Each structure stands twice: as C-alpha cells, then as structure tokens.
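To be precise, the following lines are query.cif, and they hold mmCIF, C-alpha atoms.
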data_structure
#
loop_
_atom_site.group_PDB
_atom_site.id
_atom_site.type_symbol
_atom_site.label_atom_id
_atom_site.label_comp_id
_atom_site.auth_asym_id
_atom_site.auth_seq_id
_atom_site.Cartn_x
_atom_site.Cartn_y
_atom_site.Cartn_z
ATOM 1 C CA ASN A 973 135.517 35.170 31.595
ATOM 2 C CA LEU A 974 138.740 33.803 30.147
ATOM 3 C CA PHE A 975 140.365 37.151 30.933
ATOM 4 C CA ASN A 976 138.838 37.300 34.454
ATOM 5 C CA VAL A 977 136.249 39.913 33.434
ATOM 6 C CA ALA A 978 132.594 39.208 34.033
ATOM 7 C CA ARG A 979 129.302 40.291 32.522
ATOM 8 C CA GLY A 980 126.137 41.119 34.385
ATOM 9 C CA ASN A 981 125.698 42.684 37.785
ATOM 10 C CA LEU A 982 126.055 41.627 41.418
ATOM 11 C CA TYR A 983 123.561 40.480 44.026
ATOM 12 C CA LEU A 984 123.930 40.810 47.774
ATOM 13 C CA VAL A 985 121.213 38.652 49.321
ATOM 14 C CA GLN A 986 121.627 36.515 52.412
ATOM 15 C CA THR A 987 121.722 32.902 51.245
ATOM 16 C CA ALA A 988 122.191 30.490 54.151
ATOM 17 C CA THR A 989 122.772 27.459 51.953
ATOM 18 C CA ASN A 990 123.996 24.066 53.100
ATOM 19 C CA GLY A 991 124.159 22.210 49.793
ATOM 20 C CA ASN A 992 125.743 23.293 46.517
ATOM 21 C CA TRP A 993 126.507 26.962 45.894
ATOM 22 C CA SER A 994 127.662 28.273 42.524
ATOM 23 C CA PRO A 995 128.110 32.043 42.505
ATOM 24 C CA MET A 996 129.323 32.389 38.929
ATOM 25 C CA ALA A 997 126.686 30.163 37.320
ATOM 26 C CA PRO A 998 123.374 30.957 39.030
ATOM 27 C CA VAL A 999 120.596 28.464 38.411
ATOM 28 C CA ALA A 1000 117.073 29.812 37.714
ATOM 29 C CA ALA A 1001 116.261 33.509 37.412
ATOM 30 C CA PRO A 1002 117.765 36.422 39.378
ATOM 31 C CA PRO A 1003 115.660 37.757 42.222
ATOM 32 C CA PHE A 1004 114.817 41.045 40.562
ATOM 33 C CA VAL A 1005 115.848 43.435 37.838
ATOM 34 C CA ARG A 1006 115.855 47.193 37.778
ATOM 35 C CA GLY A 1007 112.410 48.431 37.081
ATOM 36 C CA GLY A 1008 110.647 45.372 38.448
ATOM 37 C CA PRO A 1009 107.698 45.308 40.818
ATOM 38 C CA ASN A 1010 108.568 47.044 44.117
ATOM 39 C CA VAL A 1011 112.201 47.539 43.090
ATOM 40 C CA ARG A 1012 113.671 50.981 43.707
ATOM 41 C CA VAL A 1013 116.759 52.672 42.302
ATOM 42 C CA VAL A 1014 118.936 54.723 44.640
ATOM 43 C CA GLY A 1015 119.411 58.409 43.937
ATOM 44 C CA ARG A 1016 122.694 59.781 42.705
ATOM 45 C CA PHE A 1017 123.842 60.981 46.113
ATOM 46 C CA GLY A 1018 123.144 57.806 48.040
ATOM 47 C CA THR A 1019 122.022 59.970 50.939
ATOM 48 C CA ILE A 1020 120.047 58.725 53.928
ATOM 49 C CA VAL A 1021 117.581 60.852 55.867
ATOM 50 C CA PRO A 1022 117.603 59.785 59.536
ATOM 51 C CA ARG A 1023 114.123 59.591 61.022
ATOM 52 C CA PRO A 1024 113.736 60.302 64.747
ATOM 53 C CA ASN A 1025 112.588 58.569 67.914
ATOM 54 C CA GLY A 1026 111.695 55.043 66.889
ATOM 55 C CA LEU A 1027 111.310 55.116 63.106
ATOM 56 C CA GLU A 1028 113.707 53.644 60.629
ATOM 57 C CA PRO A 1029 116.165 55.612 58.468
ATOM 58 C CA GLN A 1030 115.360 55.718 54.772
ATOM 59 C CA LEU A 1031 117.368 55.830 51.566
ATOM 60 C CA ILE A 1032 116.638 58.576 49.052
ATOM 61 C CA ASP A 1033 115.698 56.785 45.870
ATOM 62 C CA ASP A 1034 115.649 57.808 42.215
ATOM 63 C CA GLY A 1035 113.926 61.114 42.527
ATOM 64 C CA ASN A 1036 113.636 62.825 45.885
ATOM 65 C CA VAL A 1037 111.247 60.490 47.734
ATOM 66 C CA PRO A 1038 112.687 58.815 50.839
ATOM 67 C CA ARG A 1039 111.967 55.099 50.561
ATOM 68 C CA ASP A 1040 112.687 52.680 53.387
ATOM 69 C CA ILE A 1041 115.721 50.428 53.321
ATOM 70 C CA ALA A 1042 114.255 46.966 53.965
ATOM 71 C CA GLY A 1043 113.038 45.759 50.584
ATOM 72 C CA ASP A 1044 114.948 45.683 47.302
ATOM 73 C CA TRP A 1045 117.460 48.168 45.919
ATOM 74 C CA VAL A 1046 119.359 48.785 42.702
ATOM 75 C CA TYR A 1047 122.670 50.387 43.635
ATOM 76 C CA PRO A 1048 124.521 51.662 40.557
ATOM 77 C CA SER A 1049 128.276 51.302 40.758
ATOM 78 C CA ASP A 1050 129.009 55.022 40.835
ATOM 79 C CA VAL A 1051 126.775 55.678 43.849
ATOM 80 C CA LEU A 1052 128.498 52.890 45.761
ATOM 81 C CA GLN A 1053 131.837 54.625 45.166
ATOM 82 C CA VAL A 1054 130.591 57.742 46.976
ATOM 83 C CA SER A 1055 128.376 56.162 49.659
ATOM 84 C CA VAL A 1056 130.273 53.142 51.009
ATOM 85 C CA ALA A 1057 130.435 54.708 54.456
ATOM 86 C CA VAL A 1058 126.657 55.050 54.257
ATOM 87 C CA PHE A 1059 126.266 51.639 52.642
ATOM 88 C CA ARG A 1060 128.229 49.752 55.280
ATOM 89 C CA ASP A 1061 126.552 51.550 58.179
ATOM 90 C CA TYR A 1062 122.864 51.284 57.299
ATOM 91 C CA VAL A 1063 121.722 49.095 54.401
ATOM 92 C CA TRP A 1064 124.426 46.407 54.751
ATOM 93 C CA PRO A 1065 123.148 45.349 58.205
ATOM 94 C CA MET A 1066 119.740 44.981 56.555
ATOM 95 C CA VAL A 1067 121.413 42.736 53.994
ATOM 96 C CA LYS A 1068 122.952 40.571 56.720
ATOM 97 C CA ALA A 1069 119.657 40.213 58.572
ATOM 98 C CA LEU B 1167 100.418 105.564 88.808
ATOM 99 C CA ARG B 1168 103.911 104.087 88.657
ATOM 100 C CA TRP B 1169 102.590 100.689 89.804
ATOM 101 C CA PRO B 1170 99.338 99.622 88.131
ATOM 102 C CA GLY B 1171 100.557 96.049 87.839
ATOM 103 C CA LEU B 1172 101.004 95.742 91.602
ATOM 104 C CA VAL B 1173 98.042 97.764 92.883
ATOM 105 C CA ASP B 1174 95.344 98.335 90.281
ATOM 106 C CA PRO B 1175 92.819 95.476 89.984
ATOM 107 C CA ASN B 1176 91.651 96.476 86.496
ATOM 108 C CA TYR B 1177 95.155 96.096 85.067
ATOM 109 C CA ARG B 1178 95.393 94.215 81.783
ATOM 110 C CA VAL B 1179 98.357 91.869 81.416
ATOM 111 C CA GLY B 1180 100.815 93.332 78.932
ATOM 112 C CA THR B 1181 99.360 96.849 78.880
ATOM 113 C CA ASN B 1182 102.141 99.372 79.325
ATOM 114 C CA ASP B 1183 101.913 103.149 79.615
ATOM 115 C CA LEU B 1184 104.842 104.357 77.570
ATOM 116 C CA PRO B 1185 104.011 107.726 76.148
ATOM 117 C CA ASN B 1186 103.242 109.382 79.492
ATOM 118 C CA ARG B 1187 104.582 107.462 82.463
ATOM 119 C CA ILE B 1188 107.119 104.766 83.013
ATOM 120 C CA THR B 1189 104.943 102.112 84.587
ATOM 121 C CA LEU B 1190 107.396 100.726 87.103
ATOM 122 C CA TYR B 1191 106.131 97.148 87.424
ATOM 123 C CA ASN B 1192 105.104 95.130 84.398
ATOM 124 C CA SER B 1193 104.239 91.662 83.108
ATOM 125 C CA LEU B 1194 107.168 90.534 80.997
ATOM 126 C CA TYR B 1195 107.907 87.328 79.149
ATOM 127 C CA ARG B 1196 111.155 85.494 79.814
ATOM 128 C CA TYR B 1197 112.459 83.503 76.886
ATOM 129 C CA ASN B 1198 114.464 80.355 77.493
ATOM 130 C CA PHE B 1199 115.883 80.155 73.984
ATOM 131 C CA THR B 1200 117.840 77.174 72.660
ATOM 132 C CA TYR B 1201 120.369 77.718 69.893
ATOM 133 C CA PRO B 1202 120.920 74.713 67.616
ATOM 134 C CA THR B 1203 124.300 73.754 66.251
ATOM 135 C CA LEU B 1204 124.194 72.341 62.766
ATOM 136 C CA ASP B 1205 126.419 69.396 61.942
ATOM 137 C CA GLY B 1206 125.398 67.036 59.196
ATOM 138 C CA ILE B 1207 126.680 64.595 56.644
ATOM 139 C CA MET B 1208 127.795 66.054 53.313
ATOM 140 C CA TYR B 1209 127.268 63.990 50.168
ATOM 141 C CA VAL B 1210 128.340 64.258 46.537
ATOM 142 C CA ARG B 1211 126.600 63.255 43.330
ATOM 143 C CA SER B 1212 128.190 60.217 41.718
ATOM 144 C CA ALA B 1213 129.683 59.830 38.251
ATOM 145 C CA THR B 1214 127.360 59.549 35.223
#

For this file, write the structure as structure tokens.
Amino acid sequence: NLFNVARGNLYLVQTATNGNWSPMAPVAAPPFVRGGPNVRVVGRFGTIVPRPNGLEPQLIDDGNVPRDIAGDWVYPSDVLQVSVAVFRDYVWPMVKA
Amino acid sequence: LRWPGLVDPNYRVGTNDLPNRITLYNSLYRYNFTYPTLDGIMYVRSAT
C-alpha cells in the first residue's frame, strides 16, 4: 500500500451511509467470499441470456446454468474486461438498486 | 370427374386423383411463413 498497490478484491454493494465510511480499511467481515452459501461465480464468457415477455434476464454462471442476476456474484477480473458492456447494462443497475 | 371437390358430396378433403385425372378443384393449404433474421450478441472467453 506504500506503492499504491492493494491486496484483496473489490466489492460493489450499495451502501447508503451517513456516518463514517472507510473504503480501504473495512470494519467487520466482508459480505461474502467465493464459494459461500448462495454465492455464484460468473462463467468465462460473461454472457447473458435474455428471457422473454416479463421475466428477468439471467447471467450464465460457472458452468452452463443460467442463474438470475439479483443475488450475489463473483466477477473475476478477466471476465469484466470482456463483458463491461454487458456489466454496465444489466447487473450494474441491480447493484444501484 | 374434373370437379369432385365442388360437386361430389363424398369427397374427402385432401384426396387428389393424380394418376388418372387432373382433379380441377382441390383443397389446398396456404402457408403464411415467417422468416426470422438472426442478430445476436457475440461474446469471447476471457483470459485464464
């Protein structure tokens, strides 16, 4: 951290705080870790299968199963480099809300 | 004989008469086909 590098990962959760916020030194535990209960890892394409008249579009997780977006996700850094136009269009509004 | 679809009351729907006579009045289907145009999003597997 003296050379402006940082360990660990990154969390994108909506935190509507009013008091103290410390992004670099998070108090207590992290919300979830890869492989936790009801935590899914995105597949290597980052693809999204769009469901039709009234259902919600779903990410394609590790494997081939389409899992729904609203929940928890572990986005590896390489997938985010080839799916940012699909990140910012679908899952990132479900981060903001 | 040319018109069993118009005249004959024992005519079965779809029954032609091809080998001998050109039945001149038949019960056809008319297909209103729709041709889809495929245009999707193309992905790429990431590094590692």

Report task. Run the PyMOL selection byres ((chain B and resi 1195-1207) around 10) mentally over the shown coordinates, then write out the matched residues as a PyMOL selection string, using the chain letters and numbers from the document. Result -> (chain A and resi 1019-1021+1058) or (chain B and resi 1180+1192-1194+1208-1209)

Requested in this report: Just say which residues the PyMOL selection byres ((chain A) within 8 of (chain B)) picks in this file, as a ChimeraX atom specification.
Outcome: /A:1016-1019,1050-1051,1053-1055

Query - Shell around stretch 1168-1171 of chain B at 8 Å using all atoms listed in the file, local window under 3 positions removed, as a PyMOL selection string - result: chain B and resi 1174-1175+1177+1179+1187-1193

Can you write just those residues out, C-alpha atoms, as a short mmCIF file (atom, residue, chain, number, x, y, z; two decimals), in the coordinates of the input?
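Contents of part-v3.cif, freshly written:
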data_model
loop_
_atom_site.label_atom_id
_atom_site.label_comp_id
_atom_site.auth_asym_id
_atom_site.auth_seq_id
_atom_site.Cartn_x
_atom_site.Cartn_y
_atom_site.Cartn_z
CA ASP B 1174 95.34 98.34 90.28
CA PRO B 1175 92.82 95.48 89.98
CA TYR B 1177 95.16 96.10 85.07
CA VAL B 1179 98.36 91.87 81.42
CA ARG B 1187 104.58 107.46 82.46
CA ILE B 1188 107.12 104.77 83.01
CA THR B 1189 104.94 102.11 84.59
CA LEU B 1190 107.40 100.73 87.10
CA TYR B 1191 106.13 97.15 87.42
CA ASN B 1192 105.10 95.13 84.40
CA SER B 1193 104.24 91.66 83.11
#

Hits from the PyMOL selection byres ((chain A and resi 977-992) around 12), listed as a PDB file with C-alpha atoms, in the coordinates of the input:
ATOM      1  CA  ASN A 973     135.517  35.170  31.595  1.00  0.00           C
ATOM      2  CA  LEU A 974     138.740  33.803  30.147  1.00  0.00           C
ATOM      3  CA  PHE A 975     140.365  37.151  30.933  1.00  0.00           C
ATOM      4  CA  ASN A 976     138.838  37.300  34.454  1.00  0.00           C
ATOM      5  CA  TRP A 993     126.507  26.962  45.894  1.00  0.00           C
ATOM      6  CA  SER A 994     127.662  28.273  42.524  1.00  0.00           C
ATOM      7  CA  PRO A 995     128.110  32.043  42.505  1.00  0.00           C
ATOM      8  CA  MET A 996     129.323  32.389  38.929  1.00  0.00           C
ATOM      9  CA  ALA A 997     126.686  30.163  37.320  1.00  0.00           C
ATOM     10  CA  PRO A 998     123.374  30.957  39.030  1.00  0.00           C
ATOM     11  CA  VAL A 999     120.596  28.464  38.411  1.00  0.00           C
ATOM     12  CA  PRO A1002     117.765  36.422  39.378  1.00  0.00           C
ATOM     13  CA  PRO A1003     115.660  37.757  42.222  1.00  0.00           C
ATOM     14  CA  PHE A1004     114.817  41.045  40.562  1.00  0.00           C
ATOM     15  CA  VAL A1005     115.848  43.435  37.838  1.00  0.00           C
ATOM     16  CA  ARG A1006     115.855  47.193  37.778  1.00  0.00           C
ATOM     17  CA  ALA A1042     114.255  46.966  53.965  1.00  0.00           C
ATOM     18  CA  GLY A1043     113.038  45.759  50.584  1.00  0.00           C
ATOM     19  CA  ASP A1044     114.948  45.683  47.302  1.00  0.00           C
ATOM     20  CA  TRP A1045     117.460  48.168  45.919  1.00  0.00           C
ATOM     21  CA  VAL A1046     119.359  48.785  42.702  1.00  0.00           C
ATOM     22  CA  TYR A1047     122.670  50.387  43.635  1.00  0.00           C
ATOM     23  CA  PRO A1048     124.521  51.662  40.557  1.00  0.00           C
ATOM     24  CA  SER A1049     128.276  51.302  40.758  1.00  0.00           C
ATOM     25  CA  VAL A1063     121.722  49.095  54.401  1.00  0.00           C
ATOM     26  CA  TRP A1064     124.426  46.407  54.751  1.00  0.00           C
ATOM     27  CA  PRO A1065     123.148  45.349  58.205  1.00  0.00           C
ATOM     28  CA  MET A1066     119.740  44.981  56.555  1.00  0.00           C
ATOM     29  CA  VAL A1067     121.413  42.736  53.994  1.00  0.00           C
ATOM     30  CA  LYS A1068     122.952  40.571  56.720  1.00  0.00           C
ATOM     31  CA  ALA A1069     119.657  40.213  58.572  1.00  0.00           C
TER      32      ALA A1069
END

Requested in this report: Would you mind reading off the distance between atom CA of residue A:1023 and atom CA of residue A:1059, one decimal, in Å?
Outcome: 16.8 Å

Requested in this report: Pick out the residues sitting within 9 Å of residue A:1040, and hand them over as an MDAnalysis selection string; count only C-alpha atoms, and ignore anything fewer than 3 positions along from it in its own chain.
Outcome: chainID A and resid 1028:1032 1043

Put a box with edges along x, y and z around all the listed atoms of stretch 1189-1195 of chain B, pad it by 8 Å on each side, then give me its centre and sizes in Å, one decimal, as AutoDock Vina command-line options.
--center_x 106.1 --center_y 94.7 --center_z 83.3 --size_x 19.7 --size_y 30.8 --size_z 24.3

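Using only C-alpha atoms, the shortest contact distance between residue A:1038 and any of A:1062, A:1022, A:1009, A:1001 is found at A:1022.
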
N, CA, C and O atoms for stretch 1037-1048 of chain A, written as a PDB file, keeping the file's coordinate frame, could you do that?
ATOM      1  N   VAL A1037     112.105  61.126  46.740  1.00  0.00           N
ATOM      2  CA  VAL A1037     111.247  60.490  47.734  1.00  0.00           C
ATOM      3  C   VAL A1037     112.137  59.660  48.655  1.00  0.00           C
ATOM      4  O   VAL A1037     113.025  58.955  48.160  1.00  0.00           O
ATOM      5  N   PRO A1038     111.979  59.749  49.965  1.00  0.00           N
ATOM      6  CA  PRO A1038     112.687  58.815  50.839  1.00  0.00           C
ATOM      7  C   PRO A1038     111.929  57.506  50.980  1.00  0.00           C
ATOM      8  O   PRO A1038     110.836  57.455  51.544  1.00  0.00           O
ATOM      9  N   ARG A1039     112.520  56.440  50.451  1.00  0.00           N
ATOM     10  CA  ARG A1039     111.967  55.099  50.561  1.00  0.00           C
ATOM     11  C   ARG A1039     112.758  54.309  51.591  1.00  0.00           C
ATOM     12  O   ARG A1039     113.964  54.507  51.749  1.00  0.00           O
ATOM     13  N   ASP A1040     112.073  53.407  52.287  1.00  0.00           N
ATOM     14  CA  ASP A1040     112.687  52.680  53.387  1.00  0.00           C
ATOM     15  C   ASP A1040     113.631  51.601  52.879  1.00  0.00           C
ATOM     16  O   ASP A1040     113.497  51.105  51.760  1.00  0.00           O
ATOM     17  N   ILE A1041     114.573  51.223  53.743  1.00  0.00           N
ATOM     18  CA  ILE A1041     115.721  50.428  53.321  1.00  0.00           C
ATOM     19  C   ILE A1041     115.329  48.979  53.076  1.00  0.00           C
ATOM     20  O   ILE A1041     115.705  48.388  52.057  1.00  0.00           O
ATOM     21  N   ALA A1042     114.571  48.390  53.994  1.00  0.00           N
ATOM     22  CA  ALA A1042     114.255  46.966  53.965  1.00  0.00           C
ATOM     23  C   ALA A1042     113.298  46.677  52.818  1.00  0.00           C
ATOM     24  O   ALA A1042     112.108  46.988  52.897  1.00  0.00           O
ATOM     25  N   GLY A1043     113.821  46.075  51.758  1.00  0.00           N
ATOM     26  CA  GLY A1043     113.038  45.759  50.584  1.00  0.00           C
ATOM     27  C   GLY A1043     113.923  45.234  49.477  1.00  0.00           C
ATOM     28  O   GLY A1043     114.523  44.168  49.613  1.00  0.00           O
ATOM     29  N   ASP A1044     114.009  45.969  48.376  1.00  0.00           N
ATOM     30  CA  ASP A1044     114.948  45.683  47.302  1.00  0.00           C
ATOM     31  C   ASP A1044     115.555  47.000  46.862  1.00  0.00           C
ATOM     32  O   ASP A1044     114.916  48.047  46.991  1.00  0.00           O
ATOM     33  N   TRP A1045     116.774  46.959  46.342  1.00  0.00           N
ATOM     34  CA  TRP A1045     117.460  48.168  45.919  1.00  0.00           C
ATOM     35  C   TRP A1045     118.333  47.879  44.716  1.00  0.00           C
ATOM     36  O   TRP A1045     118.890  46.789  44.591  1.00  0.00           O
ATOM     37  N   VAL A1046     118.434  48.849  43.821  1.00  0.00           N
ATOM     38  CA  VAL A1046     119.359  48.785  42.702  1.00  0.00           C
ATOM     39  C   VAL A1046     120.393  49.871  42.926  1.00  0.00           C
ATOM     40  O   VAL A1046     120.123  51.053  42.695  1.00  0.00           O
ATOM     41  N   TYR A1047     121.566  49.475  43.394  1.00  0.00           N
ATOM     42  CA  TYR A1047     122.670  50.387  43.635  1.00  0.00           C
ATOM     43  C   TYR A1047     123.523  50.446  42.386  1.00  0.00           C
ATOM     44  O   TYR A1047     124.175  49.451  42.048  1.00  0.00           O
ATOM     45  N   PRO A1048     123.557  51.557  41.655  1.00  0.00           N
ATOM     46  CA  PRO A1048     124.521  51.662  40.557  1.00  0.00           C
ATOM     47  C   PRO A1048     125.926  51.779  41.117  1.00  0.00           C
ATOM     48  O   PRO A1048     126.119  52.132  42.281  1.00  0.00           O
TER      49      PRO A1048
END
